[PDB]
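First the structure, in the form of structure tokens, and then the observations on it.
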Amino acid sequence: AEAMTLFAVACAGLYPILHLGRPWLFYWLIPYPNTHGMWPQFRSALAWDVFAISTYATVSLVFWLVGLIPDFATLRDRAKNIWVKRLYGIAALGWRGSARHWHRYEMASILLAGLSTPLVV
Amino acid sequence: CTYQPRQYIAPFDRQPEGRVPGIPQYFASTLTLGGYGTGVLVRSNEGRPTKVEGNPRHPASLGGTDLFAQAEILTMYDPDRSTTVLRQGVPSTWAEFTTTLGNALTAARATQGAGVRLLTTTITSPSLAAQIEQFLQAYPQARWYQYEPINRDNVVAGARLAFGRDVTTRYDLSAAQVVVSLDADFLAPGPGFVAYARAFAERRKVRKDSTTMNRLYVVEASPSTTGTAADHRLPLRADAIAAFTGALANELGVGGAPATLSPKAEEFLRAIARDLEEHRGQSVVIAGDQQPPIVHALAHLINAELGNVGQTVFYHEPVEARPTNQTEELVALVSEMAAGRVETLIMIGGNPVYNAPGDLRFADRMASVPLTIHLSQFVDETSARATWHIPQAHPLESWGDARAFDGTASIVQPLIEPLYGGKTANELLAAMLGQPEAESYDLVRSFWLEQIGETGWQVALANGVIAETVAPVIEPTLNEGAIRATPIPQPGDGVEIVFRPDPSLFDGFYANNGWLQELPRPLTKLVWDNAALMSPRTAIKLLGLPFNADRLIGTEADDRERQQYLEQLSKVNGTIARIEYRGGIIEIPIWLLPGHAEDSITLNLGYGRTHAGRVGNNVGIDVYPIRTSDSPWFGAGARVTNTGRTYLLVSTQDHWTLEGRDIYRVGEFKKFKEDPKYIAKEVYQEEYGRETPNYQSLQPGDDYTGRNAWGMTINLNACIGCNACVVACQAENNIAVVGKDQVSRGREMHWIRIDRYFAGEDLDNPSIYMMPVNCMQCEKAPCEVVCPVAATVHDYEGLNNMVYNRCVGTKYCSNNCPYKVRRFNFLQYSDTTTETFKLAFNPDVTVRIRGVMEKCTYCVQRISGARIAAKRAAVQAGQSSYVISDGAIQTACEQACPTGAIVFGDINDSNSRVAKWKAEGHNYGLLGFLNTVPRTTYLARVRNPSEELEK
Amino acid sequence: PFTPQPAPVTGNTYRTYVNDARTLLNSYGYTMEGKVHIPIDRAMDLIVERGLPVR
Amino acid sequence: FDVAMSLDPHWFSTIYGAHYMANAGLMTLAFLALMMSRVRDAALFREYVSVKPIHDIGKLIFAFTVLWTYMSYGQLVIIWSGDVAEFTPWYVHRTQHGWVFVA
Amino acid sequence: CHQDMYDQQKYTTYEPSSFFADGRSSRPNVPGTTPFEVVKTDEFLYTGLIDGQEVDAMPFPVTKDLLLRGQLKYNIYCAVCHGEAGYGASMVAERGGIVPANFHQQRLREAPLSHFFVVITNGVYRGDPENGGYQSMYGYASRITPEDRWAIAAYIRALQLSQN
Amino acid sequence: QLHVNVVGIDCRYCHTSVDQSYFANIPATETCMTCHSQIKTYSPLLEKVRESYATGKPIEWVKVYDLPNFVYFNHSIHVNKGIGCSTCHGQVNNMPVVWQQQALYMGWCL
Ligand SMILES: CCCCCCCCCCCCCCCC(=O)OC[C@H](COP(=O)(O)OCCN)OC(=O)CCCCCCCCCCCCC
Ligand code: HEC
Ligand code: HEC
Ligand code: HEC
Ligand code: HEC
Ligand code: SF4
Ligand code: SF4
Ligand code: SF4
Ligand code: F3S
């Protein structure tokens, strides 16, 4: 389900740029240092859309990767090929699942889940 | 890579003496629509014409201009204008033509010029008339033979029946409290249109102080702009108008004939007659050019009985050179061509093969003539079949003279040397007179010098008028016996056909022009197409459409149901009907016109050209072949069978009624005199139960108390739906012309639009309402709040600012605009590959690219120029005042309007005209329930109904 | 791209002529061929006082 | 809608009623917590209870407080941003004559 | 790097044009054409000649502001290549041997005002048809407005008085 | 540098429309020839100029200060309001070859 969320957000993120009429000027909505001194309005709802979709995509990706880190550790152990290993292993970041790693992991997952529920609404 | 290309700059080698670089100049010139000159002031950005305006000192063009004069800029820059002399379609030289012409004329000197024939249009230029008279003196047997499709033959025929002499009738609408129009469009483009429109509008404009308003009664076959601005309108059949005029004379007691008529027509006759005799010397009767000569003779007789002559109607010596029956002269020429008597035919414009009636068969008879020479300014259908085609200089690039309907003798001044060369009509006449290589400037100057003098010539160029020349007032004698002893033909022979000049294309000369073809036609809103116009009842009976047509009739209680039925009655628009008139079948698609007369069809001339330029190359169906010489404006019998095969017709509005909403406010004059705010006090009682709506806003806005504030007031009573303002905006703001397919997809780009609401009881005889809509410059603007990149933000003055460079193209602003006045460049509409179109674009306004929104900018370029000029003057004086005059800034739409409905000025300055108009009791803003607080406001329409017809 | 430093102008320039003429235009003086100078803005005031022929 | 929204017939809000349900939910949850402190000793609330139910009710109260704020802010932004005369009076009445201080 | 509306299709003041033969979108003045409300009836204002002869008269009375405007115009255009004082001592004469005329010579003292107007409008003298000839003064008709040209003549009169 | 600092010619002698319109008039070949008809005639580096004024062809200068045709600058109001082409352009009096002193950014104008 979370993979579906990431891929659906990836699909839906194209439309704000595609429908834009001048699609290569999408960066204007984002605050960015420019010689003009111009700013986004921040009172329209498309400026809010830029912050909501971008925050939603990044938070979903980090939460999904944090969940995958223990799974990557099982895959690297069962990979059975030296090159297949070290690809899951770098993603695993030497997980070495242990107490004092699980305790922080469980608390972080609860906090990320708590932050995500207001975010998606 | 670098920010931009080298952008080389090329300067002059010798500076023009009177020119300051970057400062536009204005020059006075004359533009003729029917051969009658209208004075115009044209802006020359850098020696190239770019914007046509009106000449305040020219009679018939006091600031106001018609759409045809406005759209002449794009005509002068058409990429399809003739560039070289063609012998038989092969390029040639002017010198070779001069040699051939000389040889042909010396070969015709054995006879007295019996073969040499001419064929011009209505010529009013004194220089050309004098040269033609001299040529006729040199060749005794030559003939002039004027002709043009839209002519005034019936007017001169009626004059020669009533007075036994050609006179020029002028109407002073300022002193006429009652005006009656017998199938006459005086508010539609024609001779004296701007002057008549301004005088009529001034009387209609009503304030709290005003105690008197003019009343218009119009009887017509097809609803028109004159019909829209009428307190009472009767849709009589076109043939029946002559009988109606005879009945009106009989009840007044002047010579005429009693005619059987419908009860509604009889009630209209009683009201007109009763209003007359109560306004003797305060009334005028106007008869349309289309109407037969007897109607004109009766109109002169009625005016004489009421004593109106010398007060509202004035007679002058004829201003159109030699007045003549043009259709009869063309019939004489075609018979001579069939006989083979003619050996040489020279035609100055007029597109005779396409313009001439189908029965004449001019093209077949043109082949018999050994040599035919045409000066057209374009390679027209006649030029294609004519030897020795010669390019004609456009009026903007040519030296010339013209006379107005009153008689003015204004001088045409070239703003640019001819782009593709070409010869003026006077230069062609000179070569015939035996002087080749004669400059146009010398020919016109030599005639004018010694008549007005060298000093007069200098004053005439500086102003737009020649003070010395005017038509002398004459008193003609009315022949009672001749007018009384006339047939007065009775109406009724089956379905009738009415031929009317197209509102945007005229006679089809302007078919190539993109702006006019893209312009929505007033009262039908069609674009790029010609359709047969019929009443809903006429369509049901003739085409067998399955609708009752009595469902539309009803009271206010079922009004919403009847409006829905009219939408269902629509969607039958575009069905092709095969119409047989006199051996000719048109196969034209049909568009339903609610106000049209029953058993009548209107067909517009100017469509179906085959040799026109790439724009309008093959648009619409030609009506010229069915048209006949004996009955040019009327038809007796039409089969009108239905062939199905529906063809798409594109209209901009797509809705014909207001759905029970307060968009247009209409009130009586008598109630208005008692209380100006009565219209506003009402409506709010029905909607909220209280006289005043207590609108509340959560948003502060800006004070604007001590700064210039820009606002516009549009008067509904004054507007006639001419559409001149839409053309003026397109020229001034470089708006693009989208194709018919883009208009079909509803992507037309127009900053100003006029809406016809057709809202009335019955709906078979509805009251047309025309309202001009442009950005309201709302102090609190919804479009600005929804813009993510801040492309749309407000201004210190109060103007909404749309920055094309900032716009990223989201399109959210158009969705949140209540009036939907914002237009988006979905595709690259602007033309980048055409050099002539690039010259036409105004430098002050940017040419938008694809992906940017556009909206009315209150002509910001004019406001910015005035602000810079006021600041510069203040600093030089040392005052630091920065004061801008009330008349300093005029928007292009405001200058273009002939009526004067649009007023633009500071709102804060209480002495400005806009401030005084906005203090009127009937001023209001559209959609007040939305707290937008618009600056563009409207004045509610006030009518003047007669108690006879109304009560 | 550093802002260019153009080489200075030569010894002889227009400033000497303009300065000498501007000094001469006022402070009265005695011209060689004639008698007396008049400061600029004083001769202009004299020209308006006596005026010039019109038409 | 009948008891409260009908006091001023001129104004209507679609979110109204859902906001009352959130308000009712917060009031009842707060009431349940007050009662639980009073009945903490009751024998069946001694051998059959743990910190986990109390913690869950505290999380529910926090969720209801944020949910009520979201519904109230959502109504305010829609009415304030869409400045239509029909919906503007309710906010005008609640921001005038000292009502702004209560807000 | 969009380059979107950076160079638009419209023709600006001095933008070169390939449509015209001489490569200039800016066009020369059509001969015999007068701007709106600009009457050319007064001969004195546009030509110092009344009957083909000089007049030693000035079309409008001398004003202090008129003389100040004449001084400004003289300093901008006339002062270079003729001297700020009117003695012909200028840096242009040194580099080229121009030898400009001296205002304070007796001949120019008795010259009419309309003679000065003619000189500013056209030049000292067009070259002789025979044996060659070159225009020295070379004229300033297009650059300077007639009223400004008269102001310059009045300032020249003031300068001539200044050294007397 | 030669014409202004050495020869001593005013700015308005060449750029004559600077204080009256939005455009500073680039000199015509007529103004070039009023001195060089006699001064430095028969010079290979004034050949192009002499190529003009005989034929109508212009001299194609390269625009140094260029704005992207949606900016609509005006020299008239600026100059009249107490601003000169030194805090606005640079020491052009001492410029053998004119260079852009600063990039015309939106922020610079603001
Ligand atoms: C002011 C008073 C409060 C009024 C509240 C009104 C609104 C309440 C809405 C509640 C919707 C619940 C839908 C039913 C979900 C369901 O079927 O429950 C299943 C579960 C799992 O329990 P198990 O294993 O099946 O058996 C339990 C007994 N042994 O319980 C759950 O609630 C979790 C399922 C996921 C919740 C779905 C509802 C989310 C609503 C989101 C939309 C909110 C709109 C604002
Ligand atoms: C008085 C010191 C000035 C100032 C401030 C400027 N000019 Fe000139 N100028 C002249 C010519 C023929 C050109 C074009 C050739 C070239 O650019 O080398 C210029 C150019 C400029 C520019 C740049 C133009 C651009 O497109 O950016 C500028 C900013 C400028 N000038 C300012 C001619 C003359 C001239 C002789 C007739 C004299 C004197 C001046 N200019 C003086 C000045
Ligand atoms: C019109 C914009 C121009 C152009 C393109 C040039 N000048 Fe002049 N110029 C003047 C003087 C007194 C000199 C120096 C005389 C000398 O060196 O002996 C010049 C010099 C030049 C040059 C250099 C030529 C060389 O080095 O041999 C060039 C390329 C040049 N000019 C171009 C005087 C004037 C003058 C007032 C009389 C005006 C106006 C111009 N020049 C105008 C132009
Ligand atoms: C260098 C290009 C000059 C400029 C700048 C001005 N003048 Fe000139 N002027 C110039 C020359 C080389 C001459 C003498 C020509 C000759 O054949 O000797 C002149 C002469 C005059 C005269 C005398 C005319 C006469 O017929 O005697 C006058 C009155 C005069 N110049 C006035 C004048 C004014 C008003 C100027 C500013 C607009 C001006 N000169 C500039 C060369 C140059
Ligand atoms: C404000 C900073 C100034 C001032 C006070 C002056 N110049 Fe001008 N100048 C300036 C800009 C931003 C531009 C670019 C215009 C454009 O369309 O891109 C220019 C341009 C010129 C030019 C080129 C010709 C033209 O653009 O019209 C010339 C020549 C020029 N400037 C000269 C000039 C002179 C003589 C001034 C009087 C001291 C002057 N500038 C003032 C910016 C500014
Ligand atoms: S009329 Fe439309 S585009 Fe114009 S200010 Fe109002 S909301 Fe904006
Ligand atoms: S004010 Fe200008 S931009 Fe607006 S509608 Fe009128 S002409 Fe068009
Ligand atoms: S507002 Fe426009 S359409 Fe109406 S009368 Fe004036 S110009 Fe014609
Ligand atoms: S929302 Fe804004 S981005 Fe453009 S299309 Fe409208 S001005």
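Laboratory data are not the source of any read-out in this text; all were calculated from the coordinates shown. With ideal geometry, Cβ positions are generated from the backbone for all residues, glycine too; neighbour counts draw on all protein chains shown.
Taking the conditions exactly as written (away from ligand 3 (no atom under 16 Å from the Cβ), more than 24 Å from A:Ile30 (Cβ to Cβ), small (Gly, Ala, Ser) and touching a strand residue (DSSP E or B) at 6+ places or on another chain (Cβ under 9 Å)), does B:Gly809 satisfy them or not? Write out each step before concluding.
Details: away from ligand 3 (no atom under 16 Å from the Cβ): yes; more than 24 Å from A:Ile30 (Cβ to Cβ): no; small (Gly, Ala, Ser): yes; touching a strand residue (DSSP E or B) at 6+ places or on another chain (Cβ under 9 Å): yes.
Criteria not met by B:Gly809.
Checking C:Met44 against (1) more than 17 Å from E:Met91 (Cα to Cα); (2) in a loop (DSSP other than H, G, I, E, B): exactly one of these is not met. Which one?
Among (1) more than 17 Å from E:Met91 (Cα to Cα); (2) in a loop (DSSP other than H, G, I, E, B), the lone unmet condition for C:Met44 is (2).
Among the candidates B:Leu161, B:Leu182, B:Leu136, single out the residue that is of a type in the set (A, V, I, L, M, F, W, C) and crowded, with 23+ Cβ neighbours inside 10 Å. Before you say what the answer is, go through the steps one by one.
Numbers: B:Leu161 fails: crowded, with 23+ Cβ neighbours inside 10 Å; B:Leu136 fails: crowded, with 23+ Cβ neighbours inside 10 Å.
None of the others qualify; the one that does is B:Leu182.
Which of the residues belonging to region B:51-74 are outside any loop (DSSP other than H, G, I, E, B) and either more than 21 Å from B:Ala460 (Cβ to Cβ) or in contact with a helix residue (DSSP H, G or I) (Cβ under 7 Å, 6 or more places away or on another chain) (or both)?
Within region B:51-74, B:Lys51, B:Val52, B:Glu53, B:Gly54, B:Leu67, B:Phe68, B:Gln70, B:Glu72, B:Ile73, B:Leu74 qualify.
I'm trying to understand the selection: among the residues of region B:699-713, which are within 14 Å of chain D (Cβ to nearest Cβ) and either in contact (Cβ under 8 Å) with a residue 60 or more places away in the chain or among the small types (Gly, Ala, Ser) (or both)?
B:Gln699, B:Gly701
Please verify whether region B:850-863 includes one or more residues that are closer than 30 Å to B:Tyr804 by Cβ and within 16 Å of ligand 5 (Cβ to nearest atom).
The initial filter retains those residues of region B:850-863 that are closer than 30 Å to B:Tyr804 by Cβ, namely B:850-863.
Cutting the leftovers down to within 16 Å of ligand 5 (Cβ to nearest atom) gives us B:861.
Yes - at least one qualifying residue is present in region B:850-863.
Being within 25 Å of B:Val845 (Cβ to Cβ) and more than 7 Å from every other protein chain (Cβ to nearest Cβ) is the filter; apply it to region F:57-78 and report the residue that is nearest to ligand 4 (Cβ to nearest atom). Can you show your working first?
Going residue by residue through region F:57-78, those that are within 25 Å of B:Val845 (Cβ to Cβ) are F:63, F:65-78.
Remaining after also requiring more than 7 Å from every other protein chain (Cβ to nearest Cβ): F:65, F:67, F:71-73, F:75, F:78.
Working: F:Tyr65: 28, F:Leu67: 33, F:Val71: 35, F:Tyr72: 33, F:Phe73: 30, F:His75: 23, F:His78: 27 Å.
The qualifying residue nearest to ligand 4 (Cβ to nearest atom) is F:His75.
Name the single residue that is surrounded by the fewest Cβ atoms within 10 Å (Cβ to Cβ) among those in region B:826-851 being part of a loop (DSSP other than H, G, I, E, B) and among the hydrophobic types (A, V, I, L, M, F, W, C).
Step one: filter region B:826-851 for residues part of a loop (DSSP other than H, G, I, E, B), giving B:826-834, B:841-851.
Checking the rest, the ones that are also among the hydrophobic types (A, V, I, L, M, F, W, C) come to B:826-827, B:841, B:845, B:847, B:849.
Details: B:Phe826: 16, B:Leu827: 13, B:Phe841: 21, B:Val845: 18, B:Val847: 21, B:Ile849: 19.
Across region B:826-851, the extreme among qualifying residues is B:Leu827.
If you check B:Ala790, B:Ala840, which single one turns out to be facing chain A (nearest Cβ under 10 Å) and either under 22 Å from F:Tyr72 (Cα atoms) or touching a strand residue (DSSP E or B) at 6+ places or on another chain (Cβ under 6 Å) (or both)?
Numbers: B:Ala840 fails: facing chain A (nearest Cβ under 10 Å).
Result: B:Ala790 is the single residue among B:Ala790, B:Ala840 that is facing chain A (nearest Cβ under 10 Å) and either under 22 Å from F:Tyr72 (Cα atoms) or touching a strand residue (DSSP E or B) at 6+ places or on another chain (Cβ under 6 Å) (or both).
Criterion first (surrounded by fewer than 19 Cβ atoms within 10 Å (Cβ to Cβ) and without any contact (Cβ under 8 Å) to a residue 40 or more places away in the chain) does B:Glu251 satisfy it?
Working: surrounded by fewer than 19 Cβ atoms within 10 Å (Cβ to Cβ): yes; without any contact (Cβ under 8 Å) to a residue 40 or more places away in the chain: yes.
Answer is yes for this residue.
Here is a yes/no grid of residues against (1) away from ligand 5 (no atom under 16 Å from the Cβ); (2) away from chain B (no Cβ under 14 Å); (3) without any contact (Cβ under 8 Å) to a residue 12 or more places away in the chain; (4) aliphatic (A, V, I, L, M):
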position	(1), (2), (3), (4)
D:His10	yes, no, no, no
D:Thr14	yes, yes, yes, no
D:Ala30	yes, yes, no, yes
D:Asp41	yes, yes, yes, no
D:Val51	yes, yes, yes, yes
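Restricted to region E:70-129, and to residues that are farther than 27 Å from C:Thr13 by Cβ, within 14 Å of chain F (Cβ to nearest Cβ) and touching a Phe, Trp or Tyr at 6+ places or on another chain (Cβ under 7 Å), which residue is farthest from ligand 1 (Cβ to nearest atom)?
E:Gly127
Only one of these is of a type in the set (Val, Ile, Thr), more than 28 Å from E:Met137 (Cβ to Cβ) and outside any helix (DSSP H, G or I): F:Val79, F:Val18, F:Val64. Name it. Break it down into steps so the answer makes sense when it comes.
On the way: F:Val79 fails: outside any helix (DSSP H, G or I); F:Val18 fails: more than 28 Å from E:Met137 (Cβ to Cβ).
Every option except F:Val64 fails the conditions.
Report whether or not A:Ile53 is more than 16 Å from ligand 6 (Cβ to nearest atom) and in contact (Cβ under 8 Å) with a residue 24 or more places away in the chain. Break it down stepwise before answering.
Working: more than 16 Å from ligand 6 (Cβ to nearest atom): yes; in contact (Cβ under 8 Å) with a residue 24 or more places away in the chain: yes.
In short, yes.
Within region F:2-56, can you find the residues that are within 14 Å of chain C (Cβ to nearest Cβ), crowded, with 18+ Cβ neighbours inside 10 Å and either within 16 Å of ligand 8 (Cβ to nearest atom) or of a type outside the set (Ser, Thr, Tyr) (or both)?
Passing the criteria: F:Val4, F:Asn5, F:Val7, F:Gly8, F:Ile9, F:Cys35.
Working carefully through the options C:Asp45, C:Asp20, find the one that is away from chain F (no Cβ under 14 Å) and out of contact with any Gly (no Cβ under 7 Å at 6 or more places or on another chain). Please lay out each step first, then the result.
On the way: C:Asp20 fails: away from chain F (no Cβ under 14 Å).
Selected residue: C:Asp45, the only one of C:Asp45, C:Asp20 that is away from chain F (no Cβ under 14 Å) and out of contact with any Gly (no Cβ under 7 Å at 6 or more places or on another chain).
Restricted to region E:77-104, and to residues that are exposed (fewer than 14 other Cβ atoms within 10 Å of the Cβ) and part of a loop (DSSP other than H, G, I, E, B), which residue is nearest to ligand 3 (Cβ to nearest atom)?
Within region E:77-104, the subset exposed (fewer than 14 other Cβ atoms within 10 Å of the Cβ) is E:94, E:97, E:99.
Checking the rest, the ones that are also part of a loop (DSSP other than H, G, I, E, B) come to E:97, E:99.
Numbers: E:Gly97: 10, E:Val99: 13 Å.
Selected residue: E:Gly97.
Name the residues in region B:508-526 that are among the hydroxyl-bearing types (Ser, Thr, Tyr) and under 13 Å from B:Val619 (Cβ atoms), would you? Can you show your working first?
Applying the first criterion (among the hydroxyl-bearing types (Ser, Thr, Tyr)) to region B:508-526 yields B:510, B:524.
Scanning region B:508-526 gives a single hit, B:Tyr510.
If C:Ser27 meets every condition in (1) more than 14 Å from chain F (Cβ to nearest Cβ); (2) within 18 Å of the chain's Cα centre (by Cα); (3) under 19 Å from E:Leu72 (Cβ atoms) apart from one, which number is that one?
The single condition C:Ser27 does not satisfy is (3).
Can you name every residue in region B:550-571 that is in contact with a helix residue (DSSP H, G or I) (Cβ under 7 Å, 6 or more places away or on another chain) and either surrounded by fewer than 19 Cβ atoms within 10 Å (Cβ to Cβ) or outside any loop (DSSP other than H, G, I, E, B) (or both)?
Taking region B:550-571 first, the residues in contact with a helix residue (DSSP H, G or I) (Cβ under 7 Å, 6 or more places away or on another chain) are B:551-552, B:554, B:569.
Selection gives B:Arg551, B:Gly554, B:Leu569.
Quickly run through region F:57-76 and pick out the residues that are farther than 20 Å from F:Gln102 by Cβ, surrounded by fewer than 16 Cβ atoms within 10 Å (Cβ to Cβ) and either of a type in the set (A, V, I, L, M, F, W, C) or away from ligand 3 (no atom under 16 Å from the Cβ) (or both). Show your work before the answer.
Narrowing region F:57-76 to residues farther than 20 Å from F:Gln102 by Cβ: F:57-61, F:76.
Still in the list and also surrounded by fewer than 16 Cβ atoms within 10 Å (Cβ to Cβ): F:60-61.
Result: F:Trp61, single match.
Pick from B:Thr408, B:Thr372, B:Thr387, B:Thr382: which is polar (S, T, N, Q), out of contact with any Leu (no Cβ under 6 Å at 6 or more places or on another chain) and not in a helix (DSSP H, G or I)? Working first, answer last.
Values: B:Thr372 fails: out of contact with any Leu (no Cβ under 6 Å at 6 or more places or on another chain); B:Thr387 fails: out of contact with any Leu (no Cβ under 6 Å at 6 or more places or on another chain); B:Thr382 fails: not in a helix (DSSP H, G or I).
From the options B:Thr408, B:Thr372, B:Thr387, B:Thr382, the qualifying one is B:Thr408.
Mind listing just one residue for me: the one in region F:82-93 that is assigned to a loop (DSSP other than H, G, I, E, B) and of a type in the set (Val, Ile, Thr) and, of those, farthest from E:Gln3 (Cα to Cα)?
Step one: filter region F:82-93 for residues assigned to a loop (DSSP other than H, G, I, E, B), giving F:82-91.
Right, trim to of a type in the set (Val, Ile, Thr) and you get F:83, F:87.
Numbers: F:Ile83: 30, F:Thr87: 28 Å.
Here the answer is F:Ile83.
Any idea which of (1) surrounded by fewer than 13 Cβ atoms within 10 Å (Cβ to Cβ); (2) touching a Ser or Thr at 6+ places or on another chain (Cβ under 9 Å); (3) within 19 Å of B:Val803 (Cβ to Cβ) is the one A:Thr35 doesn't satisfy?
(2)
Tell me yes or no: at least one residue of region B:140-162 is under 16 Å from B:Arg943 (Cα atoms) and in contact with a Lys or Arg (Cβ under 9 Å, 6 or more places away or on another chain). Break it down into steps so the answer makes sense when it comes.
Quick first cut of region B:140-162, residues under 16 Å from B:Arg943 (Cα atoms) only: none.
No, every residue in region B:140-162 fails to be under 16 Å from B:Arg943 (Cα atoms) and in contact with a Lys or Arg (Cβ under 9 Å, 6 or more places away or on another chain).
When you check B:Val808 against the structure, is it under 19 Å from B:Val845 (Cα atoms), within 14 Å of ligand 9 (Cβ to nearest atom) and touching a helix residue (DSSP H, G or I) at 6+ places or on another chain (Cβ under 9 Å), yes or no?
It is false that B:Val808 is under 19 Å from B:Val845 (Cα atoms), within 14 Å of ligand 9 (Cβ to nearest atom) and touching a helix residue (DSSP H, G or I) at 6+ places or on another chain (Cβ under 9 Å).
Return the residues of region B:200-242 that are in contact (Cβ under 8 Å) with a residue 60 or more places away in the chain, under 14 Å from B:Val178 (Cα atoms) and among the small types (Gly, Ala, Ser); say none if nothing qualifies.
If the condition is that a residue be in contact (Cβ under 8 Å) with a residue 60 or more places away in the chain, under 14 Å from B:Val178 (Cα atoms) and among the small types (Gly, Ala, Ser), then B:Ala201, B:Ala229 are the ones that fit.
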